[PDB]
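A.B. asks: Here you go, one structure.
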Amino acid sequence: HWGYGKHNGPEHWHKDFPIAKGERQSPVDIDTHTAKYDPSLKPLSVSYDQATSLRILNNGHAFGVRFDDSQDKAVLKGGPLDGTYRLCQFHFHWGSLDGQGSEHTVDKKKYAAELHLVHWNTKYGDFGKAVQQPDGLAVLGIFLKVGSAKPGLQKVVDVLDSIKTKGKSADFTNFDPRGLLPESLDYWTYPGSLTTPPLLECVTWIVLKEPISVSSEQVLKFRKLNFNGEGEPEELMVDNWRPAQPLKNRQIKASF
Ligand SMILES: [Zn+2]
């Protein structure tokens with residue numbers, strides 16, 4: 001029964017998931033004074049040309065899109081990563097206003113939303129095995145700022161009315177996640193965790209320097225979703241973000 005409320009939110013998570021107080025928790029503030037350029041960081045490789053979207057869903061915490069990861073079809077490699085990571089899902093976090101909603105911050109600046117593309121290391125066979133490993137996952141984090149519309153987001157925005165409440169889902173085929181990427185693949189990287197329970201420390205975080213611009217119209221549709229199930233008391237899905245956690249003994253590295 002974890003959530004983002006006063007009574008079940010991030011301050012409570014440690015009681016069921018003690019790793020919430022761990023050494024490699026996410027998200028973090030990225031301080032550009034201490035997130036130092038590492039000239040030895042390779043370019044990120046984002047191979048999404050065969051990406052096969054299956055379904056869109058409200059899981060009661062966010063909404064996201066699931067992909068066919070039975071083959072190498074939509075994969076992350078290079079950058080800080082060893083081997084090949086397959087896209088299972090992407091989802092968003094966002095705020096009760098344009099001023100907040102991102103999980104990562106840059107010099108304590110919050111963006112309107114954050115996109116997470118969630119990939120698992122092929123060497124562990126499936127997603128369930130991979131999350132038990134410190135190198136199990138690679139999550140590509142992308143900031144959303146409000147401005148010009150993102151045409152590659154419109155197909156997602158246009159179906160959110162159909163998944164308003166918790167546990168609703170829809171067939172969602174031929175969605176191209178390349179439409180959600182900024183121009184630049186300059187990135188920060190650090191070892192961390194899932195930002196929701198079970199909060200496992202299995203993630204290589206790759207956060208892009210460049211945010212994508214989405215229109216007010218697009219991000220307002222996000223704030224129409226509900227945490228609650230159909231017929232339960234209404235609870236608008238906003239502020240579904242975990243605040244920055246202590247960096248502790250970790251380094252954040254910049255590709256730029
Ligand atoms: Zn996330």
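By order of appearance in the structure tokens: chains A, B, ..., then residues from 1 within every chain, and ligands from 1 in the order shown.
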DSSP on the backbone, then: every residue of stretch 35-102 of chain A marked strand (DSSP E or B), written as an MDAnalysis selection string.

C.D. replies: chainID A and resid 36:37 44:47 53:58 63:67 75:78 85:94

A.B. asks: Show me, as number ranges by chain, the residues that have an atom within 10 Å of residue A:212 when counting only C-alpha atoms, minus same-chain residues fewer than 6 positions from it.

C.D. replies: A: 113-115, 142-150, 180-183

A.B. asks: Which residues are close to residue A:51, i.e. within 9 Å by only C-alpha atoms, leaving aside same-chain residues fewer than 4 positions away? Reply as a ChimeraX atom specification.

C.D. replies: /A:47,67-69,73-75,87,174-178

A.B. asks: Give the helix (DSSP H, G or I) residues of stretch 150-190 of chain A, as DSSP finds them on the backbone, and put them as a PyMOL selection string.

C.D. replies: chain A and resi 151-157+160-163+177-180

A.B. asks: Store the residues picked out above in a file with C-alpha atoms, as a CSV table (one decimal), in the first residue's frame.

C.D. replies:
```csv
chain,number,residue,atom,x,y,z
A,151,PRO,CA,5.1,15.5,-31.9
A,152,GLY,CA,6.4,12.0,-30.9
A,153,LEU,CA,4.4,12.4,-27.6
A,154,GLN,CA,1.0,13.2,-29.2
A,155,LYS,CA,0.1,9.4,-29.9
A,156,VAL,CA,0.5,8.8,-26.1
A,157,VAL,CA,-1.3,12.0,-25.0
A,160,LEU,CA,-4.7,8.9,-21.8
A,161,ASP,CA,-8.5,9.5,-21.6
A,162,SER,CA,-8.8,5.7,-22.0
A,163,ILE,CA,-6.6,4.8,-19.0
A,177,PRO,CA,10.0,5.8,-28.7
A,178,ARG,CA,12.7,7.6,-30.9
A,179,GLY,CA,10.1,10.4,-31.0
A,180,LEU,CA,10.8,11.0,-27.2
```

A.B. asks: Mind listing the residues within 12 Å of ligand 1, only C-alpha atoms and all ligand atoms counted, as an MDAnalysis selection string?

C.D. replies: chainID A and resid 26:27 61:64 89:94 101:104 113:119 138:143 193:197 199 203 205 207 240:243

A.B. asks: For residue A:35, list every protein, DNA or RNA residue within 8 Å, evaluated using only C-alpha atoms, and leave out those in the same chain fewer than 3 positions away; present the list as a list in words.

C.D. replies: residues 30, 31, 32, 188, 251, 252, 253 and 254 of chain A

A.B. asks: Save the residues we just selected, N, CA and C atoms, as an mmCIF file, in the first residue's frame?

C.D. replies:
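Done, and the output landed in out33.cif:
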```cif
data_model
loop_
_atom_site.group_PDB
_atom_site.id
_atom_site.type_symbol
_atom_site.label_atom_id
_atom_site.label_comp_id
_atom_site.auth_asym_id
_atom_site.auth_seq_id
_atom_site.Cartn_x
_atom_site.Cartn_y
_atom_site.Cartn_z
ATOM 1 N N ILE A 30 21.882 16.414 -9.313
ATOM 2 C CA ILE A 30 23.124 16.420 -10.129
ATOM 3 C C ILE A 30 23.719 17.804 -9.949
ATOM 4 N N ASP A 31 24.798 17.908 -9.177
ATOM 5 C CA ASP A 31 25.490 19.208 -8.984
ATOM 6 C C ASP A 31 26.546 19.315 -10.082
ATOM 7 N N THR A 32 26.382 20.253 -11.010
ATOM 8 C CA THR A 32 27.315 20.448 -12.149
ATOM 9 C C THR A 32 28.676 20.963 -11.646
ATOM 10 N N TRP A 188 24.763 12.409 -17.974
ATOM 11 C CA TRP A 188 25.345 12.083 -16.661
ATOM 12 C C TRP A 188 25.044 10.622 -16.361
ATOM 13 N N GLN A 251 30.010 8.814 -7.121
ATOM 14 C CA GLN A 251 30.406 9.830 -8.120
ATOM 15 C C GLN A 251 29.350 9.877 -9.226
ATOM 16 N N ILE A 252 28.934 11.078 -9.608
ATOM 17 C CA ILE A 252 28.240 11.303 -10.903
ATOM 18 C C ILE A 252 29.253 11.781 -11.949
ATOM 19 N N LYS A 253 29.210 11.164 -13.130
ATOM 20 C CA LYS A 253 30.187 11.414 -14.205
ATOM 21 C C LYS A 253 29.433 12.038 -15.361
ATOM 22 N N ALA A 254 30.046 13.013 -16.018
ATOM 23 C CA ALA A 254 29.468 13.707 -17.194
ATOM 24 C C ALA A 254 30.217 13.253 -18.442
#
```

A.B. asks: What does the distance between atom CA of residue A:121 and atom CA of residue A:190 come to in Å, to one decimal place?

C.D. replies: 16.4 Å

A.B. asks: Show me, as an MDAnalysis selection string, the residues that have an atom within 10 Å of residue A:77 when counting only C-alpha atoms, minus same-chain residues fewer than 3 positions from it.

C.D. replies: chainID A and resid 42:47 80:86 121 138

A.B. asks: Restricting the output to N, CA, C and O atoms, write the selected residues as a PDB file, in the first residue's frame.

C.D. replies:
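Once written, out_13.pdb looks like this:
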```pdb
ATOM      1  N   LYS A  42      32.080   6.777 -23.132  1.00  0.00           N
ATOM      2  CA  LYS A  42      31.786   6.577 -24.573  1.00  0.00           C
ATOM      3  C   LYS A  42      30.422   7.172 -24.895  1.00  0.00           C
ATOM      4  O   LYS A  42      29.571   7.334 -24.024  1.00  0.00           O
ATOM      5  N   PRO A  43      30.197   7.503 -26.182  1.00  0.00           N
ATOM      6  CA  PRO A  43      28.871   7.827 -26.675  1.00  0.00           C
ATOM      7  C   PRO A  43      27.875   6.711 -26.356  1.00  0.00           C
ATOM      8  O   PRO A  43      28.183   5.525 -26.477  1.00  0.00           O
ATOM      9  N   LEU A  44      26.680   7.121 -25.953  1.00  0.00           N
ATOM     10  CA  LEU A  44      25.535   6.216 -25.738  1.00  0.00           C
ATOM     11  C   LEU A  44      25.050   5.726 -27.103  1.00  0.00           C
ATOM     12  O   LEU A  44      25.010   6.552 -28.039  1.00  0.00           O
ATOM     13  N   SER A  45      24.663   4.456 -27.204  1.00  0.00           N
ATOM     14  CA  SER A  45      24.026   3.876 -28.412  1.00  0.00           C
ATOM     15  C   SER A  45      22.573   3.499 -28.092  1.00  0.00           C
ATOM     16  O   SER A  45      22.335   2.636 -27.250  1.00  0.00           O
ATOM     17  N   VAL A  46      21.635   4.160 -28.755  1.00  0.00           N
ATOM     18  CA  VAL A  46      20.171   3.967 -28.552  1.00  0.00           C
ATOM     19  C   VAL A  46      19.629   3.371 -29.844  1.00  0.00           C
ATOM     20  O   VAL A  46      19.424   4.123 -30.795  1.00  0.00           O
ATOM     21  N   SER A  47      19.440   2.056 -29.879  1.00  0.00           N
ATOM     22  CA  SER A  47      19.016   1.315 -31.089  1.00  0.00           C
ATOM     23  C   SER A  47      17.546   0.939 -30.952  1.00  0.00           C
ATOM     24  O   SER A  47      17.263  -0.180 -30.478  1.00  0.00           O
ATOM     25  N   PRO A  80      28.233   4.163 -20.508  1.00  0.00           N
ATOM     26  CA  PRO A  80      28.881   3.545 -19.351  1.00  0.00           C
ATOM     27  C   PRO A  80      28.599   2.040 -19.245  1.00  0.00           C
ATOM     28  O   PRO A  80      29.068   1.429 -18.328  1.00  0.00           O
ATOM     29  N   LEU A  81      27.866   1.481 -20.198  1.00  0.00           N
ATOM     30  CA  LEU A  81      27.284   0.129 -20.073  1.00  0.00           C
ATOM     31  C   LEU A  81      28.189  -0.936 -20.679  1.00  0.00           C
ATOM     32  O   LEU A  81      28.774  -0.699 -21.743  1.00  0.00           O
ATOM     33  N   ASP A  82      28.176  -2.097 -20.032  1.00  0.00           N
ATOM     34  CA  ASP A  82      28.761  -3.372 -20.520  1.00  0.00           C
ATOM     35  C   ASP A  82      27.654  -4.216 -21.139  1.00  0.00           C
ATOM     36  O   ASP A  82      26.641  -4.426 -20.454  1.00  0.00           O
ATOM     37  N   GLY A  83      27.839  -4.681 -22.377  1.00  0.00           N
ATOM     38  CA  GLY A  83      26.843  -5.545 -23.033  1.00  0.00           C
ATOM     39  C   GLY A  83      25.591  -4.768 -23.444  1.00  0.00           C
ATOM     40  O   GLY A  83      25.688  -3.565 -23.762  1.00  0.00           O
ATOM     41  N   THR A  84      24.451  -5.444 -23.457  1.00  0.00           N
ATOM     42  CA  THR A  84      23.221  -4.989 -24.145  1.00  0.00           C
ATOM     43  C   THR A  84      22.030  -5.002 -23.189  1.00  0.00           C
ATOM     44  O   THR A  84      21.795  -6.038 -22.501  1.00  0.00           O
ATOM     45  N   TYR A  85      21.285  -3.903 -23.175  1.00  0.00           N
ATOM     46  CA  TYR A  85      20.112  -3.752 -22.291  1.00  0.00           C
ATOM     47  C   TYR A  85      18.856  -3.590 -23.145  1.00  0.00           C
ATOM     48  O   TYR A  85      18.861  -2.751 -24.054  1.00  0.00           O
ATOM     49  N   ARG A  86      17.822  -4.383 -22.884  1.00  0.00           N
ATOM     50  CA  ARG A  86      16.575  -4.379 -23.703  1.00  0.00           C
ATOM     51  C   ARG A  86      15.493  -3.558 -23.008  1.00  0.00           C
ATOM     52  O   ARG A  86      15.292  -3.769 -21.800  1.00  0.00           O
ATOM     53  N   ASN A 121      19.618  -6.001 -18.466  1.00  0.00           N
ATOM     54  CA  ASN A 121      20.871  -6.590 -18.985  1.00  0.00           C
ATOM     55  C   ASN A 121      20.567  -7.997 -19.517  1.00  0.00           C
ATOM     56  O   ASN A 121      20.155  -8.834 -18.721  1.00  0.00           O
ATOM     57  N   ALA A 138      19.466  -0.618 -16.818  1.00  0.00           N
ATOM     58  CA  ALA A 138      19.889   0.708 -17.287  1.00  0.00           C
ATOM     59  C   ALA A 138      18.618   1.513 -17.500  1.00  0.00           C
ATOM     60  O   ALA A 138      17.742   1.053 -18.279  1.00  0.00           O
TER      61      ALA A 138
END
```

A.B. asks: Closest to residue A:88 among A:23, A:239, A:72, A:29, using only C-alpha atoms?

C.D. replies: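 Between A:23, A:239, A:72, A:29, the residue approaching residue A:88 most closely is A:72.
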
A.B. asks: For residue A:55, find every residue with an atom within 8 Å (counting only C-alpha atoms), except residues of its own chain fewer than 5 positions away, and show them as a count of residues only.

C.D. replies: 8

A.B. asks: Choose the residue, out of A:57, A:76, A:185, A:97, that has the smallest atom-to-atom separation from residue A:226; count only C-alpha atoms.

C.D. replies: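 Closest residue, counting only C-alpha atoms: A:57.
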
A.B. asks: Interatomic distance between atom CA of residue A:120 and atom CA of residue A:136?

C.D. replies: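 So the two atoms, atom CA of residue A:120 and atom CA of residue A:136, lie 5.8 Å apart.
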